[PDB]
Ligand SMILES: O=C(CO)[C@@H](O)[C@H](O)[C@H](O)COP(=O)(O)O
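In structure tokens, one chain follows: the form deposited without the named molecule.
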């Protein structure tokens, strides 16, 4: 597994954005052969989204034939509610680019059969063959999306009960827990692993235990992210604060192995 050690989150976002553009332009997407991109939400990928937008503004990439899949959506919340995952993506990304409505895919949190909605999504992915690049972040406990630790590595898109901790964390909702959704639809670990490439963004001191588990730890189902060690092409892009629990030699190792790719970041 690749590690990209950078100093600040801003550089992480730039490197991640540069990496996404590199892959799009090498792929040469067309209407028949779209580039298929998996996408996350939250504070971490936000620097990436703004780097991408400016790169697009500068004429360095088009999303006209890029198809996207997001990892998550709240169950029960209006799609156009400002706190929906859909809203996060449109207001922080899609609205700023030349992406096409038909090429955007998000889980529908408000159908009358969650199982069927989750299956529809998996089928849609499979209809393109394979996700070309999947971006994500990682929980403090190494989890991915709303998949619990000890999630099966072959787990698929399904409904998840939000943890008590997550719910009180997300109390955007007028400081009210009763308004926070109890369930989310989320992609599975197997759904993730099926991507041709996985790129995980890791920033902040709070993720230091998770990075250690992912980089120096061994394959362990309690730290879901460590499973990427078995994936054919996986990248982690990280900042200096997230490296605190690593050995000095570990950082030295990857900083030098990736030296050529770190230049200009």
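Rigid core: the largest C-alpha set superposing within 1.5 Å between the two forms. Residue numbers count along the first chain shown, from 1.
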Indicate whether the chain is continuous between residue 171 and residue 172 or, if not, how many deposited residues are absent from the coordinates: none, 1 to 3, 4 to 9, or 10 or more.
1 to 3
Can you tell me which stretch has the higher mean Cα B-factor, 67-75 or 174-182?
174-182
Read off the CA B-factors in the entry, average them over 29-37 and over 228-236, and name the higher stretch.
29-37
If you rank every modelled residue in this chain by C-alpha B factor, which third holds residue 136: lowest, middle or highest?
lowest
Entry-reported C-alpha B-factor of residue 214 relative to its chain, by third, is lowest
Residue 4: CA temperature factor from the record, placed by chain third, in the lowest
Hey, what third does residue 80 fall into on Cα B-factor, ranked over its chain?
highest
Residue 47 CA temperature factor, ranked by third within the chain:
highest
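Keep in mind that the form solved in complex with the named molecule is not shown, yet the notes after this line are about it.
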Counting only non-hydrogen atoms, the one stretch of 236-244, 208-216, 55-63, 36-44 within 4.5 angstroms of the named molecule in the bound PDB entry is 36-44
By the heavy atom within 4.5 Å rule, which residue out of 114, 96, 143, 86 makes contact with the named molecule in the bound PDB entry?
143
Non-hydrogen atom within 4.5 angstroms of the named molecule in the bound PDB entry for each of 13, 69 and 192
no
Residue 181: touches the named molecule in the bound PDB entry, heavy atom cutoff 4.5 angstroms:
no
Contact of residue 138 with the named molecule in the bound PDB entry (heavy atom, 4.5 Å)
yes
Give a yes or no for residue 172: in the bound PDB entry, does one of its heavy atoms lie within 4.5 Å of a heavy atom belonging to the named molecule?
yes
Rigid core fitted, then: does residue 190 show a CA shift of 2 angstroms or greater between this form and the one not shown?
no
Answer yes if the CA of residue 166 moves 2 Å or more between this form and the one not shown after aligning the rigid core, and no otherwise.
yes
For residue 104, decide whether the Cα shift between this form and the one not shown is 2 Å or greater, given a superposition on the rigid core.
no
